[PDB]
Amino acid sequence: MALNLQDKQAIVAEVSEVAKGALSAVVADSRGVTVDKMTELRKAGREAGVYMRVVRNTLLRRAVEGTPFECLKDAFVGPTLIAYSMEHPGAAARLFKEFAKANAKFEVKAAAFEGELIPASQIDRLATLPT
Amino acid sequence: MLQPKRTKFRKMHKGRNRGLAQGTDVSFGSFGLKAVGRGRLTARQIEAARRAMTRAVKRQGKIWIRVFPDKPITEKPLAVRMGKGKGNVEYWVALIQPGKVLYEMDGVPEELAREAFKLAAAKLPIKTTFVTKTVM
Amino acid sequence: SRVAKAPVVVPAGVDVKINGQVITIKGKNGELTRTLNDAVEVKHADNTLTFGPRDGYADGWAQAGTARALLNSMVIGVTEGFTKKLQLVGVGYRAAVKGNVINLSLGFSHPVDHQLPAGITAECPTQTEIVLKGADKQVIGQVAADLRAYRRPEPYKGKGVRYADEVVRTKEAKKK
Amino acid sequence: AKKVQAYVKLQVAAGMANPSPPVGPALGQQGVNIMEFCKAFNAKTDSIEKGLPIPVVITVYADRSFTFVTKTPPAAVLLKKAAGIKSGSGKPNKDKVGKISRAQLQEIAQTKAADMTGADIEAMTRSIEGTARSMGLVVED
Amino acid sequence: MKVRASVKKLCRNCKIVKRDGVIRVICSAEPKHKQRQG
Amino acid sequence: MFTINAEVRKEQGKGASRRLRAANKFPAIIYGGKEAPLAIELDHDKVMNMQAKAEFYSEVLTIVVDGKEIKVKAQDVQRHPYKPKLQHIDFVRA
RNA sequence: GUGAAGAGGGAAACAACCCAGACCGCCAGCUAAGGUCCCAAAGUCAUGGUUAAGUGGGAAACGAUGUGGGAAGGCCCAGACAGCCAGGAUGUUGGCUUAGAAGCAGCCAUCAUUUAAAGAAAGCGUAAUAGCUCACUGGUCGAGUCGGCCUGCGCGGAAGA
RNA sequence: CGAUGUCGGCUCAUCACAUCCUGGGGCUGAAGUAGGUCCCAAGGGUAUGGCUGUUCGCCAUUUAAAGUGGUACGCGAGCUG
Ligand SMILES: [Mg+2]
Ligand SMILES: [Mg+2]
Ligand SMILES: [Mg+2]
Ligand SMILES: [Mg+2]
Ligand SMILES: [Mg+2]
Ligand SMILES: [Mg+2]
Ligand SMILES: [Mg+2]
Ligand SMILES: [Zn+2]
């Protein structure tokens, strides 16, 4: 990232991740612990894939032509840097539960957890996981 | 009708329109309409622009008319020869020099003032501009 | 200036001949020649084309963008070509192409025979719509425009000739 | 992008029309566009009915433009139109309500099913009767 | 086409073009804002 | 805190003032009651952009003249009748 | 002041405007206004810029991404403006005089959350229905870009025998 | 003012376009027919009678249309009076 030709490398390509999006995982854990950073991504590759990444781009002007194909489920998630992750492989699978288990394994914070997708609604913590 | 009452003399010389304006600043209001041109400006025209002024807000704010005609203008009637007296007065104008603050107003947002001043400048006959109050 | 500052790649070996300022391109499906406006110099960087305004012409920055777009369209056409499709909506409209002559029955009094500029192929899979394919974008667009011009879409029932992807706004009889 | 996530309930109490007074800058904080109530609240919805509430799926998107769907009035108030009472809960032993017809109840539940979802609309129907009993509005056969 | 001496963007979709030394307004939304001269 | 450099005037009169004002510079004056009044000229656009700040008449200004720093306060200003330009400002040593 | 009572050169021609007051002669020279490509004597002079309109070589209010220049702005590598996006959360059948308006006639004017975009006007037409989009944030190809102020020269406004 | 003959008619005209018809287009509160309005266009064409001195106006009947103006309110060394 040196110029706008590298601004380029961030203006559609995750369209491939958002075209069939069926989950929203968010967390405000700015703690960059090495052990957890090969935990979460490795689990992504272990269950779903390498489709999600480490781009913690969260300022108020990032994610509308962010996920532009579906998922209002993130559309209001934008305070201090909050990671984003979707899920293709099998609609509404169980990424969120192991994310919450890592939060139980001491991720620092997760700003405004709301059980993002499949209430089509507010706070409720995604009680049912329809894998 | 924006006309003087009890004028000392019925008719007045044509005079000259020269020099720069006096009341160049905005005093009563916050936004004023300052004339950058020159020339007489008729009480009928001030009435039209004032109607447009209060119509743009439709009720709002405080306005001030800083210009009063107090200058009779005579017109020789149709089909009458020159001479044989000076014609009767027909309307009253205000002599406007460049820099005079014609309209002034406060109590409305500045952009809304921009629009109202444009609407009345459409009726006015001389070039104008929008000016704001300054600390001086 | 961004369009001008965007060299266009060249596919598998389409023939490219720059004889001064008259660029000739020879694709696997067609051949196209075009003399460039004097303000632009275009060079072959062994896999692409680069564009530069000549000093002394104030319009070079604008002209070179047009030149780049034009040569890109040319290379795309001589790579695979363009295709325009028209629908003749409205009861009583028919179309059919023999050779390079397309007979239209839009119902005036007499059928209208249109001659193609001989580089553009036509086809009618269904009788109600026409597909015309070409090796040069300006000419295929011109011929499509001429086909439309006979009966441009009336905005009252959609009747007439229209492009497939163009959507017509209707209107009301407003009383009855 | 924005399909549906962040769902609460707005669309405050229901008589006659033209926005302005009651519920303003509360919305006014953030951006739903301005006169957005005379093409589903002065030129689309009511004359199905004119006074009492319904739920309406209301929203604009990030370019501040509206679009709506419908729902069915909650049983807390729809039976006020149905049976026509001004009583309420709070004193069941002192102030209680009379009976309501089951055919009328099934009509209400048919509108309910048309304006909601649920695998067995019949299994969901009896919850309207249960709500009527909970608020003290007697519904019988 | 309103052939008027003061052309202005009548709505959001109006666009100002200087075609052959004259100023025109073309709107893709409604064919009633079309203006000329100005 | 506003600091303006300025060069002493050499010519006075209507002609000299208009010649200055035709070159994006306007004259001004420094006086302090018990001190010799000082004629000055100072660049137009810099101080015109300084004008927009309401603090211009509020805080104490620093006038730099031939290497000399003085602290003053803006007394009064006379402006062009119709264009937003300044002919002349009055400065009090303070 | 000029003509009247003043000739001469200039403004095509043109008592009054500009320069200049004819005693006479001269195939001598220097200048005034005004000019120096050709008619027609003298610069197709030199230097730096402006205009694309034959402006120059008629004319206003008003209008505009024409173009040149100056000053200060916002916005941006927690990446800007435009492209494709998908665009559409809800106790409203809001106190309307509870005949019809029911996201765009007149109304009275403004309680919120979940909480990156989510302020009771902007338009198409339907007694009144449905449906799509703009003041809006942004995932690749993008960086210099967004709108104002001062101005110089230009464009339309501009139809007569 | 040691003259510059005039209102209307007749005959003969001619020019401008701010177009009445015919011609080419937008836009529509343009279904079609018929319109409304605006832009381009001066090639050609652009009534007959009754009344009145009348130009004009009114009326009757036509016509695709019965244009508006300039030309010493064209035209008396061409006519009438
Ligand atoms: Mg043309
Ligand atoms: Mg004398
Ligand atoms: Mg003389
Ligand atoms: Mg633009
Ligand atoms: Mg002009
Ligand atoms: Mg014409
Ligand atoms: Mg005669
Ligand atoms: Zn428009």
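Quick check on segment A:54-71. Is at least one of its residues within 11 Å of the chain's Cα centre (by Cα) and closer than 13 Å to A:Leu95 by Cβ?
There is no residue in segment A:54-71 that is within 11 Å of the chain's Cα centre (by Cα) and closer than 13 Å to A:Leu95 by Cβ.
Just a yes or no: is a residue in segment D:4-27 in contact with a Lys or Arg (Cβ under 7 Å, 6 or more places away or on another chain), outside any helix (DSSP H, G or I) and away from every other protein chain (no Cβ under 14 Å)?
no
Looking at segment B:106-136, which of its residues are of a type in the set (A, V, I, L, M), on the phi < 0 side of the Ramachandran plot and touching a residue at least 12 places away in the same chain (Cβ under 8 Å)?
Residues satisfying the conditions are B:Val108, B:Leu112, B:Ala113, B:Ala116, B:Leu119, B:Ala120, B:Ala121, B:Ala122, B:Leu124, B:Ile126, B:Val131.
Filter chain E down to residues that are closer than 20 Å to C:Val168 by Cβ, free of Cβ contacts under 8 Å to residues at least 12 places away in the same chain and not in a loop (DSSP other than H, G, I, E, B), then give me how many there are.
0
Do the conditions hold for F:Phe91, that is, is it away from every other protein chain (no Cβ under 12 Å), touching a residue at least 24 places away in the same chain (Cβ under 8 Å) and within 24 Å of F:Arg21 (Cβ to Cβ)?
So F:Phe91 fits the description; yes.
Do we have C:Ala149 as more than 14 Å from chain E (Cβ to nearest Cβ) and either surrounded by 13 or more Cβ atoms within 10 Å (Cβ to Cβ) or within 16 Å of RNA strand G (Cβ to nearest atom) (or both) here?
no
Scanning segment B:1-40 for residues that are over 21 Å from F:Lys83 (Cα atoms) and aliphatic (A, V, I, L, M), which turns out surrounded by the most Cβ atoms within 10 Å (Cβ to Cβ)?
My answer is B:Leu2.
Could you check how many residues of segment B:13-51 are in contact with an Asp or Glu (Cβ under 9 Å, 6 or more places away or on another chain), assigned to a loop (DSSP other than H, G, I, E, B) and not hydroxyl-bearing (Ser, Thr, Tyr)?
3
Examine segment C:100-122 for a residue that is of a type in the set (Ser, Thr, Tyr), surrounded by 14 or more Cβ atoms within 10 Å (Cβ to Cβ) and under 27 Å from C:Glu31 (Cα atoms), and state whether such a residue exists.
Within segment C:100-122, one or more residues are of a type in the set (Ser, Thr, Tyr), surrounded by 14 or more Cβ atoms within 10 Å (Cβ to Cβ) and under 27 Å from C:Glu31 (Cα atoms).
Check off (1) surrounded by 14 or more Cβ atoms within 10 Å (Cβ to Cβ); (2) in contact with a strand residue (DSSP E or B) (Cβ under 6 Å, 6 or more places away or on another chain) for F:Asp76 and give me the number that stays unchecked.
(1)
Given the conditions (1) crowded, with 18+ Cβ neighbours inside 10 Å; (2) in contact with a strand residue (DSSP E or B) (Cβ under 6 Å, 6 or more places away or on another chain); (3) under 28 Å from F:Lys83 (Cβ atoms), report the number of the one that B:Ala43 does not fulfil.
(3)
Can you pull out every residue in segment D:117-137 that is outside any helix (DSSP H, G or I) and surrounded by 13 or more Cβ atoms within 10 Å (Cβ to Cβ)?
Residues of segment D:117-137 that are outside any helix (DSSP H, G or I), as a first pass: D:117-120, D:135-137.
D:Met135, D:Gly136, D:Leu137 - these are the residues of segment D:117-137 that are outside any helix (DSSP H, G or I) and surrounded by 13 or more Cβ atoms within 10 Å (Cβ to Cβ).
Report, by residue number, each residue of segment E:1-10 that is of a type outside the set (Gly, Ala, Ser) and within 14 Å of RNA strand H (Cβ to nearest atom). Before you say what the answer is, go through the steps one by one.
Pass one, segment E:1-10, residues of a type outside the set (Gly, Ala, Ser): E:1-4, E:7-10.
Hits for segment E:1-10 are E:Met1, E:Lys2, E:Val3, E:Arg4, E:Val7, E:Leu10.
Within segment A:82-95, identify whether any single residue is part of a loop (DSSP other than H, G, I, E, B), within 14 Å of another protein chain (Cβ to nearest Cβ), surrounded by 12 or more Cβ atoms within 10 Å (Cβ to Cβ) and among the aromatic types (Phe, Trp, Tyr), and answer yes or no.
No, that holds for no residue.
Take the residues in segment C:33-80 that are of a type in the set (D, E, K, R) and not in a strand (DSSP E or B), then tell me which one is nearest to the chain's Cα centre (by Cα).
C:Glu80
Can you work out which of the residues in segment F:10-45 that are closer than 18 Å to F:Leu86 by Cβ, charged (D, E, K, R) and without any contact (Cβ under 8 Å) to a residue 12 or more places away in the chain is surrounded by the most Cβ atoms within 10 Å (Cβ to Cβ)?
Looking at the filtered set, the residue picked out is F:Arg19.
Just a yes or no: is a residue in segment C:1-21 within 16 Å of RNA strand G (Cβ to nearest atom) and not in a loop (DSSP other than H, G, I, E, B)?
Yes, segment C:1-21 has at least one match.
Just one of the numbered conditions (1) free of Cβ contacts under 8 Å to residues at least 60 places away in the same chain; (2) away from chain D (no Cβ under 14 Å) is not true of A:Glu65; which one?
Among (1) free of Cβ contacts under 8 Å to residues at least 60 places away in the same chain; (2) away from chain D (no Cβ under 14 Å), A:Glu65 violates only (2).
Could you list, in sequence order, the residues of segment B:31-62 that are closer than 26 Å to B:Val135 by Cβ and either free of Cβ contacts under 8 Å to residues at least 40 places away in the same chain or within 14 Å of chain F (Cβ to nearest Cβ) (or both)?
Of everything in segment B:31-62, those that are closer than 26 Å to B:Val135 by Cβ and either free of Cβ contacts under 8 Å to residues at least 40 places away in the same chain or within 14 Å of chain F (Cβ to nearest Cβ) (or both) turn out to be B:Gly32, B:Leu33, B:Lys34, B:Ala35, B:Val36.
Condition first: farther than 18 Å from D:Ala6 by Cα, more than 7 Å from RNA strand G (Cβ to nearest atom) and surrounded by 12 or more Cβ atoms within 10 Å (Cβ to Cβ). Can you find one or more residues in segment A:112-121 that meet it?
First, the residues of segment A:112-121 that are farther than 18 Å from D:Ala6 by Cα: none.
No, segment A:112-121 contains no residue that is farther than 18 Å from D:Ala6 by Cα, more than 7 Å from RNA strand G (Cβ to nearest atom) and surrounded by 12 or more Cβ atoms within 10 Å (Cβ to Cβ).
Of the conditions (1) within 14 Å of chain D (Cβ to nearest Cβ); (2) under 21 Å from A:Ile11 (Cα atoms), A:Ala120 fails just one. Which one is it?
(2)
When the residues of segment E:13-28 are narrowed to those that are more than 11 Å from RNA strand H (Cβ to nearest atom) and closer than 25 Å to C:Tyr156 by Cα, which ends up farthest from the other protein chains (Cβ to nearest Cβ)?
E:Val25
F:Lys71 versus (1) in contact (Cβ under 8 Å) with a residue 40 or more places away in the chain; (2) assigned to a strand (DSSP E or B); (3) among the basic types (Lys, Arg): which is the lone unmet condition?
(1)
Please work out which residue is nearest to ligand 8 (Cβ to nearest atom), limiting yourself to segment F:46-68 and to residues that are in a strand (DSSP E or B) and crowded, with 16+ Cβ neighbours inside 10 Å.
This residue is F:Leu61.
Every read-out reported here was derived from the displayed coordinates using simple, explicitly stated rules and does not represent laboratory data. Heads up, the Cβs are rebuilt from the backbone with ideal geometry, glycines too, and the neighbour counts pull from every protein chain shown.
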